[PDB]
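For neighbour counting, all protein chains shown are included, and Cβ atoms are generated from backbone atoms with ideal geometry for every residue, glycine included. Each answer follows from the model by the rule given with it, or from the source it names; no laboratory instrument gave them.
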Amino acid sequence: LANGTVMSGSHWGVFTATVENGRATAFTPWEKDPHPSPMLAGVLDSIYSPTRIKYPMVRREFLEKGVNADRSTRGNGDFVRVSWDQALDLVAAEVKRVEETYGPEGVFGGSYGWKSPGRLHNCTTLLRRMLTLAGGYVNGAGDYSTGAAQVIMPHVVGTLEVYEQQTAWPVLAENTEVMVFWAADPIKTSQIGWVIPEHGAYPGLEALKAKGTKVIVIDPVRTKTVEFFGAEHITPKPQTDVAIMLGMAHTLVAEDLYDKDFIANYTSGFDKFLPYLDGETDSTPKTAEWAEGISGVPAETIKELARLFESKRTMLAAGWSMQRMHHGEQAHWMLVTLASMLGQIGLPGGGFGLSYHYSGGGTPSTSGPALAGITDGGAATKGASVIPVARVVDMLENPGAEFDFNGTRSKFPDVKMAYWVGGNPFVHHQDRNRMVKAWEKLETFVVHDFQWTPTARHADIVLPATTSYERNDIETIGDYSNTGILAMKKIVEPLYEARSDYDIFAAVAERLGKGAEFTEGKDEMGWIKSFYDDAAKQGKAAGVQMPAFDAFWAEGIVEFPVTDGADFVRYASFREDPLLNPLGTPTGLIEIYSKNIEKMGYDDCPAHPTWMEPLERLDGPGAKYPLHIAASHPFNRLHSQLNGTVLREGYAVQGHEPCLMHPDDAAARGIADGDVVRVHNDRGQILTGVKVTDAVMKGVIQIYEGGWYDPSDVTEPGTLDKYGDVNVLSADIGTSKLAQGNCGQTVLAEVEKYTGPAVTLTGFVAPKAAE
Ligand SMILES: NC1=NC(=O)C2=N[C@H]3C(S)=C(S)[C@@H](COP(=O)(O)OP(=O)(O)OC[C@H]4O[C@@H](n5cnc6c(=O)[nH]c(N)nc65)[C@H](O)[C@@H]4O)O[C@H]3NC2=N1
Ligand SMILES: NC1=NC(=O)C2=N[C@H]3C(S)=C(S)[C@@H](COP(=O)(O)OP(=O)(O)OC[C@H]4O[C@@H](n5cnc6c(=O)[nH]c(N)nc65)[C@H](O)[C@@H]4O)O[C@H]3NC2=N1
Ligand SMILES: [Mo+4]
Ligand SMILES: [O]
């Protein structure tokens, strides 16, 4: 058996494995990693944990009755083990059946998910590759992270903006006077990357603190970001940031401080927004006093923040949680508007940034080539075919109905089958109880995972995939920085009967009479060497030298150099000469008023930043429930990933997902730290374990997304979730008609001490038949 050490990487970093007798015993972080993530140990554990899927399983119910099966028992664990040959025959037969009977419109292949890094083993791309061969599929658009923001930004600043390189960290260190983290926790969220992360924010953040720069954090939770800086902490009532931004704009007009020259030469439509702000259209002057009434943040604090921002070089780095809410589009729309009023856009250290908390945005880019991998075919091949990702349940329930998106109207397709790889829709999608009944509409549900997630438990057919550590691959290090290219080397042998997604899709393409079209005559290393060679020819033309494939593989990593990437300032050419370098909007300037959006006529998305009542907010007129659940991203998980590993022991409370509650709120309900609580609203009910702290502001509770749903009974509508899936409580509604994003953080609920029967958690052990 093997003994040695092997370097690879993941979403958490670059590391070195220790193999002892064919088993990975340790994962040590890369030596050049400036801030390793404590979650690496969990990543190793996920290879071997008890919820690891061993064999191909077919739902008992589906085996005997097929399309006539009772679809309400999905998730109950009654699975039949089958040979791989049987399972593959079944999946291909079923795919072809739905394509002949229903067409391409009957197959939903959006398969949303964070999967695993790697240009060869990209499961989601691989599934679309096979589905393209099978006749076609219905795809998904946008994502759950910036659902609202990515659609509205292009109407305002000209591009997406959220997934674009930021003004470099170094530039901030020498120039920024005030750093504002608005609804962002960069210490927490910078641990992972979409591709191998370099952890570039950490050094950037330390340079700021060493420099003495003033840092202001505007968030309901007392995060690690607040603690690292010992920052000034503004705690708004969740969902009231737009009011605050309006209040701050009012002061600025009220005391005549805003930058009139900036507004005049770089923006458009401001004079159509002024009336609104002054109260001339609705009789409600958007003052600090007015904003205080809605946000709960002292009026004078609001006036002082606005003055301090106008007289110092300020950077507003805003998170994305505040756009994962009803009317999400106004959050960043108002922040650009407020940034525009201060006049620092395009100045070194000033402006705003939407990616400083995500995937190393702000880390200087190198000049290395770009890496590419397997594609799904489409650019060389030949109802609606694309739906906004968060409208998947609506689709299912309303086949044929119309829907609005970015100014157009389309019809939902009539889907009969869902194929999901590398994602966890039974943990990530809002309103679990709505989705559970909606899934009954689907004839067949096929899932690939290596962990028995709530999504896998609910499948008709489940196939065991391997991790990234049981195969070979190549991937980039740094989403923005392009630090290097990594060889993701095989560590151990595929466990039990696990197989790569690629191998499973090759096999299914073969039964559709299309194998050579899927594989292209190449094997694993064949594909990897062709990606590397492509980048190497690219690098060569740009004067970046790169080893030959085997040389590169022997080293395992290639790093590229940094030339002028540490001097980059977002929006500097635009500010320097706006006529020569205009924005990509109709007017070519920052659009505070949108004629385009006004033409659309959407009630829930006016033509300028506007404050509207959300479906439900804390202390809102007629709100039924008292506490706001900050259903944010987890510290010790990557969404739902790593929940079924040893890491769960350090945060679970009585075996449940933790719930951070304020001492006053706990007293009132006679709740003691450590208790099991019932969290419920009109949508659903969950159990969690309480941690009492004054970190969370009064009126708000913290239950992170990612909890593995554990229903007491799948046949009982509204069954209590035993573990703690926060999406049992969220509502499933589009943000507005413009983007149709998800409102996953628009949740209100009530908490009580659980005094019911004892409960047995069953989600962290595999199904009896799967042992
Ligand atoms: N209430 C609410 N609040 C939120 O803030 C929130 N955040 C949202 C955001 S922005 C996101 S992007 C989503 C994420 O939801 P997402 O579906 O991306 O979640 P993951 O926990 O990363 O599940 C990915 C799955 O892929 C599996 N997997 C990984 N590699 C492979 C592989 O190669 N082969 C296959 N077959 N599978 C593998 C993992 O084991 C895991 O089960 O949640 C969203 N949902 C949210 N809900
Ligand atoms: N540790 C780790 N785990 C992850 O699961 C993870 N997910 C990744 C993904 S896909 C994405 S899309 C990004 C998302 O990064 P994103 O900005 O969406 O992060 P969140 O944790 O949902 O919210 C960040 C802060 O906003 C605060 N907040 C909540 N509601 C309000 C509000 O109404 N107003 C104010 N002012 N603040 C509020 C929260 O309390 C939280 O501290 O992070 C990425 N990074 C990740 N890191
Ligand atoms: Mo996301
Ligand atoms: O996402």
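Within segment 129-153, can you find the residues that are away from ligand 1 (no atom under 12 Å from the Cβ) and either out of contact with any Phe, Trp or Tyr (no Cβ under 7 Å at 6 or more places or on another chain) or of a type in the set (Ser, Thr, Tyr) (or both)? Can you show your working first?
First, pick out the residues of segment 129-153 that are away from ligand 1 (no atom under 12 Å from the Cβ): 129-139, 141, 151-153.
Answer for segment 129-153, where residues must be away from ligand 1 (no atom under 12 Å from the Cβ) and either out of contact with any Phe, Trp or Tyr (no Cβ under 7 Å at 6 or more places or on another chain) or of a type in the set (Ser, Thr, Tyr) (or both): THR132, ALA134, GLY135, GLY136, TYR137, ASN139, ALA141, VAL151, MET153.
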**Prompt:** Of the residues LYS209, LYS96, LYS188, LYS115, which is within 16 Å of ligand 2 (Cβ to nearest atom), surrounded by fewer than 19 Cβ atoms within 10 Å (Cβ to Cβ) and either under 29 Å from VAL427 (Cβ atoms) or not aromatic (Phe, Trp, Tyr) (or both)?
**Reply:** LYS188
**Prompt:** Can you find even one residue in segment 221-231 that is of a type in the set (S, T, N, Q) and over 18 Å from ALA339 (Cβ atoms)?
**Reply:** yes
**Complete:** Residue hits (segment 374-405; aromatic (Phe, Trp, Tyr) and either over 22 Å from the mean Cα position of the chain (by Cα) or loosely packed, with under 15 Cβ neighbours inside 10 Å (or both)) are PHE403
**Prompt:** Taking segment 128-143 as the search range and keeping residues that are part of a loop (DSSP other than H, G, I, E, B) and buried (at least 20 other Cβ atoms within 10 Å of the Cβ), which one is farthest from the chain's Cα centre (by Cα)?
**Reply:** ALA134
**Asked** Tally time: how many residues in segment 144-200 are part of a helix (DSSP H, G or I), within 30 Å of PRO586 (Cβ to Cβ) and within 14 Å of ligand 3 (Cβ to nearest atom)?
**Response** 2
**Prompt:** Within segment 728-743, is even one residue more than 30 Å from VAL156 (Cβ to Cβ) and β-branched (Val, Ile, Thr)?
**Reply:** yes
**Message:** Which numbered condition in (1) surrounded by 18 or more Cβ atoms within 10 Å (Cβ to Cβ); (2) not in a strand (DSSP E or B) is the only one that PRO50 fails?
**Reply:** (1)
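Quick test for you: out of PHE79, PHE15, pick the one residue that is more than 16 Å from ligand 2 (Cβ to nearest atom), in contact with a helix residue (DSSP H, G or I) (Cβ under 7 Å, 6 or more places away or on another chain) and under 26 Å from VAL558 (Cα atoms).
Just a single option satisfies the conditions, and that option is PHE15.
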**Prompt:** For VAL43, all conditions in the list (1) hydrophobic (A, V, I, L, M, F, W, C); (2) in the same structural domain as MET395 (by CATH); (3) closer than 30 Å to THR189 by Cβ hold save one; what is the number of the exception?
**Reply:** (2)
**Asked** How many of the residues making up segment 341-389 are within 14 Å of ligand 2 (Cβ to nearest atom), assigned to a loop (DSSP other than H, G, I, E, B) and on the phi < 0 side of the Ramachandran plot?
**Response** 6
**Request:** Starting from residues that are farther than 29 Å from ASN742 by Cα and touching a strand residue (DSSP E or B) at 6+ places or on another chain (Cβ under 6 Å), keep the ones in segment 289-325 and report whichever is surrounded by the fewest Cβ atoms within 10 Å (Cβ to Cβ).
**Result:** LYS312
**Message:** Being among the aliphatic types (A, V, I, L, M), over 29 Å from the mean Cα position of the chain (by Cα), more than 16 Å from ligand 1 (Cβ to nearest atom) and farther than 22 Å from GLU198 by Cβ: is that true of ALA92 here?
**Reply:** yes
**Message:** I'm trying to understand the selection: among the residues of segment 622-636, which are buried (at least 23 other Cβ atoms within 10 Å of the Cβ), more than 6 Å from ligand 2 (Cβ to nearest atom) and part of a loop (DSSP other than H, G, I, E, B)?
**Reply:** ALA631
**Message:** Looking at segment 425-446 only, could you name the residues that are in contact with a strand residue (DSSP E or B) (Cβ under 8 Å, 6 or more places away or on another chain) and over 18 Å from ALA69 (Cα atoms)?
**Reply:** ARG432
**The lone exception for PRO586 - which of (1) within 28 Å of the chain's Cα centre (by Cα); (2) not assigned by CATH to the domain that holds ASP732; (3) not small (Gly, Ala, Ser) it fails** = (1)
**Prompt:** What number of residues in segment 154-195 are under 19 Å from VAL569 (Cβ atoms) and either more than 12 Å from ligand 1 (Cβ to nearest atom) or polar (S, T, N, Q) (or both)?
**Reply:** 23
**Prompt:** Of all the residues that make up segment 193-205, how many are under 15 Å from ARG637 (Cα atoms) and surrounded by fewer than 23 Cβ atoms within 10 Å (Cβ to Cβ)?
**Reply:** 1
**Message:** Whether any residue in segment 399-417 is touching a helix residue (DSSP H, G or I) at 6+ places or on another chain (Cβ under 8 Å) and assigned to a helix (DSSP H, G or I) is what I want to check.
**Reply:** no
**Asked** If only one of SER311, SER355 is within 16 Å of ligand 1 (Cβ to nearest atom), in the same structural domain as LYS260 (by CATH) and out of contact with any helix residue (DSSP H, G or I) (no Cβ under 9 Å at 6 or more places or on another chain), which one is it?
**Response** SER355
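Any residue that is away from ligand 4 (no atom under 16 Å from the Cβ) and under 24 Å from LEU347 (Cα atoms) - is there at least one of those in segment 319-330?
So in segment 319-330, the residues away from ligand 4 (no atom under 16 Å from the Cβ) come out as 326-327, 329-330.
Imposing the further condition that a residue be under 24 Å from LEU347 (Cα atoms) reduces the set to none.
Within segment 319-330 (the criterion being away from ligand 4 (no atom under 16 Å from the Cβ) and under 24 Å from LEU347 (Cα atoms)), the answer is no, since none of the residues qualifies.
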**Asked** What do you reckon, is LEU120 aliphatic (A, V, I, L, M) and part of a helix (DSSP H, G or I)?
**Response** no
**Prompt:** If you scan segment 314-340, which residues turn out to be away from ligand 1 (no atom under 16 Å from the Cβ) and either part of a strand (DSSP E or B) or among the β-branched types (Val, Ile, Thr) (or both)?
**Reply:** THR314, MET315, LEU316, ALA317, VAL336, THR337
**Item:** Considering residues of segment 414-435 that are more than 16 Å from ligand 2 (Cβ to nearest atom) and among the aliphatic types (A, V, I, L, M) only, the residue surrounded by the fewest Cβ atoms within 10 Å (Cβ to Cβ)
**Value:** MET435
**Item:** In segment 436-464, residue surrounded by the fewest Cβ atoms within 10 Å (Cβ to Cβ) [restricted to those that are acidic (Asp, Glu) and closer than 14 Å to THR73 by Cα]
**Value:** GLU440
**Message:** Here are the criteria: (1) surrounded by 17 or more Cβ atoms within 10 Å (Cβ to Cβ); (2) within 30 Å of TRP169 (Cα to Cα); (3) of a type in the set (S, T, N, Q). Tell me which single one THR563 does not satisfy.
**Reply:** (1)
**Prompt:** Within the bounds of segment 277-288, is there any residue that is among the aliphatic types (A, V, I, L, M), in contact with an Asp or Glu (Cβ under 8 Å, 6 or more places away or on another chain) and buried (at least 23 other Cβ atoms within 10 Å of the Cβ)?
**Reply:** yes
